[PDB]
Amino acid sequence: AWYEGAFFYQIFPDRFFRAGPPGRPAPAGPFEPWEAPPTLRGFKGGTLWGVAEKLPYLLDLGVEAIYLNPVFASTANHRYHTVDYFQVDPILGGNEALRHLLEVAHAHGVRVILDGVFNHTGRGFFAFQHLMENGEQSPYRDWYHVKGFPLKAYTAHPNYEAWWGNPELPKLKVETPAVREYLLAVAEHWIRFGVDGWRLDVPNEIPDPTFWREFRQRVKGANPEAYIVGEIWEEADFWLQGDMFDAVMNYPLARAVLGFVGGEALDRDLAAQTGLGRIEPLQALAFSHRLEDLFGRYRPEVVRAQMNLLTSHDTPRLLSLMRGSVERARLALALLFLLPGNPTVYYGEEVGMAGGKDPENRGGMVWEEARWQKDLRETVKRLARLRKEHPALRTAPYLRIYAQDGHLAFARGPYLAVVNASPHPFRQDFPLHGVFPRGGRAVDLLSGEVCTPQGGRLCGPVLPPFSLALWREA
């Protein structure tokens, strides 16, 4: 429903905006200065109160949904090391902060989804601490995959199953009834609290197929409109048959757009340092083939709900991926709003923040307007409003019309999108292949340009370097 074409904005809680009172236990020490370089353990103190305060900023941009990284009590600044699934982290302001955020968000028609880390917990979680203090005598032993005792929890060789072998992330034993009951109650609780959906962290670490099916029924049961999206970096047919997730994070689409728009100017060395991998340059046709596969291998309702991002807290920032090329970053972001799926933007990309891989990509949000790349932001604001006023952009099919070099043209129902992802101008006179049957006056919704096709060929002026156009029969 609402999650099929919606503009999503991803926020890393500790780095958006610091405001309001903390929750209990309140921190008692200095916070890493806001404008200082992000570190592995540093906390800047952003809160959910602040996120609620910055809603007018998000509304201006056109945001329809907020995807938040983990917000429950954790000892990590990124919060993937959960300590208590039933309490919003004190530093973020506690449950009352999340409650207030949801009220303001919903009052203005904005949805909010949370990040669920259910494969593992931090070492600070109750059950794990219980294991550490009591060893074999602990009645919580079966919450984890204990190899032996002692646990050696602070060595590079933990005596228990852990995410990627990292001792900071003890792997949960989901088959244990007490565990599955806890996790399912968690998934349900927050949906009833007011949350609109869940973004599942590395769901593949929990291969048990019955868990996710139960998860879906419990969540959808508490709110049929809840959105469930999972983190899968490649093909995800298994998780999209309809009995598990509604969609996944479309990293494959991110690789395609980056390769096509990034061209040879893409910093493949930077991208190779993360899950993006070494992104291969792509020409028009090859790029279109990838879209055609991505847009057809899943049911249409799934394709329309796909979380279409370019970057995230797990990738280098866009501007750094384009070696400072503002025009390229602008085109890649722009193009997302012209494809089926949910265009998703990582906080700061709309104003041009730069950075390599984590923690460089998790800097404090810049609120000094005079410092924003206004061109990038206006494009996002412009195309988000375009998508909002032209619903066909989120519902229609994808049909390639022209492909050559870095020149692409595809149709979305009544619209013909023309992409010029190259340094040189592109005259829009290619054959329409039947796109505008009526064969009359047409207008580029983006520039206002107007013209009348003849001979089955488009009639617009040259498309400037790294520019976009969206025609519709006037």
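Throughout, we count residues from 1 along the sequence that is shown.
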Segment of higher mean CA temperature factor, 366-374 or 379-387: 366-374
264-272 versus 223-231 - greater average Cα B-factor per the deposited record: 264-272
Of the residues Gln241, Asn134, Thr82, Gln306, the one carrying the largest Cα B-factor as recorded: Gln241
Residue, from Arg441, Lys44, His407, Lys54, that the PDB entry assigns the highest Cα B-factor: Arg441
Chain thirds of CA B-factor: placement of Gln129: lowest
Third assignment of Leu335 from its chain's C-alpha B-factors: lowest
Assigned third (lowest, middle, highest) for the C-alpha B factor of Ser74: lowest
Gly296 - Cα temperature factor, lowest/middle/highest third of chain: highest
Within-chain third of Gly20 by Cα B-factor, per the entry: middle
